[PDB]
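Residue numbers (the UniProt record's numbering), protein chains in the order written: chain W, 219 to 313; chain D, 219 to 313.
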């Protein structure tokens with residue numbers, strides 16, 4: 219059935235949403251290890267703003283710790299804790 | 219609490235996830251108008267695969283109809299129906 223306007227509007231407005239984030243994006247200086255899984259689920263700001271000139275960005279954020287399989291190609295692999303930023307609150311701010 | 223490896227691994231693996239998608243991306247021929255909301259919530263394949271050479275892609279798809287406000291700037295606006303593609307099933311396939 220057809221999704222009603224106010225439902226679409228409220229569901230898509232700027233807010234934290236579970237987002238699958240590549241670990242290399244979070245750790246852009248990593249050039250030694252590869253990771254399993256290669257991505258992690260994190261709450262991140264997403265969606266749209268009333269004003270098209272605004273973007274959805276975090277106003278509160280905090281880290282979560284996840285166990286990741288850290289692989290050194292052709293050498294070995296280890297379960298290790300890694301920290302990832304999550305967004306707790308979002309707002310629409312000038313782009 | 220530290221998220222356990224097997225929990226992260228299972229939660230991040232290739233599957234359909236709610237994704238906030240920009241309308242003008244899905245409909246690049248809609249030049250003359252703007253839309254409210256400007257993005258919509260859609261189930262889309264997301265997450266990661268066991269092999270860096272694989273990608274998460276849809277194997278089953280369907281459409282969904284949503285009420286969206288179509289706006290002609292400083293002229294007028296109308297609530298109409300628009301159809302969007304969703305992903306119902308995903309698999310990891312060779313890029």
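Ideal Cβ positions, reconstructed from N, Cα and C, are used throughout, including at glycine.
Assumed close pair residue i, residue j - CB separation to whole angstroms, cut-off 8 Å
{"i": "residue 259(D)", "j": "residue 272(D)", "result": "That belief does not hold up - the Cβ atoms of residue 259(D) and residue 272(D) are roughly 26 Å apart, past 8 Å."}
{"i": "residue 334(W)", "j": "residue 286(W)", "result": "The structure shown does not extend to residue 334(W), since chain W is modelled only from 219 through 313, so no value can be given for it."}
{"i": "residue 308(D)", "j": "residue 266(D)", "result": "That pair is no contact at about 11 Å."}
{"i": "residue 282(D)", "j": "residue 304(D)", "result": "5 Å"}
{"i": "residue 221(W)", "j": "residue 284(D)", "result": "4 Å"}
Closer than 7 Å to chain W by CB, residue i
{"i": "residue 253(D)", "result": "no"}
{"i": "residue 265(D)", "result": "yes"}
{"i": "residue 234(D)", "result": "no"}
{"i": "residue 291(D)", "result": "no"}
{"i": "residue 297(D)", "result": "yes"}
{"i": "residue 310(D)", "result": "no"}
{"i": "residue 307(D)", "result": "no"}
{"i": "residue 223(D)", "result": "yes"}
{"i": "residue 301(D)", "result": "no"}
Where residue i falls, given that 16 or more other Cβ within 10 Å makes a residue buried
{"i": "residue 226(D)", "result": "buried"}
{"i": "residue 235(W)", "result": "buried"}
{"i": "residue 301(D)", "result": "exposed"}
{"i": "residue 292(D)", "result": "exposed"}
According to DSSP, residues forming a beta bridge with residue i
{"i": "residue 274(D)", "result": "310(D)"}
{"i": "residue 281(W)", "result": "303(W)"}
{"i": "residue 253(W)", "result": "288(W)"}
{"i": "residue 231(W)", "result": "266(W)"}
{"i": "residue 221(D)", "result": "284(W)"}
Test: residue i CB closer than 7 Å to a CB of chain D
{"i": "residue 275(W)", "result": "no"}
{"i": "residue 313(W)", "result": "no"}
{"i": "residue 280(W)", "result": "no"}
{"i": "residue 285(W)", "result": "yes"}
{"i": "residue 238(W)", "result": "yes"}
{"i": "residue 259(W)", "result": "yes"}
inquiry  = Quick test of the definition: if touching needs 3 or more C-beta pairs under 8 Å, does the segment 223–241 of chain D touch the segment 250–267 of chain D?
reply    = yes
ask   = Is the segment 269–284 of chain W touching the segment 242–249 of chain W, taking contact as three or more C-beta pairs under 8 Å?
value = no
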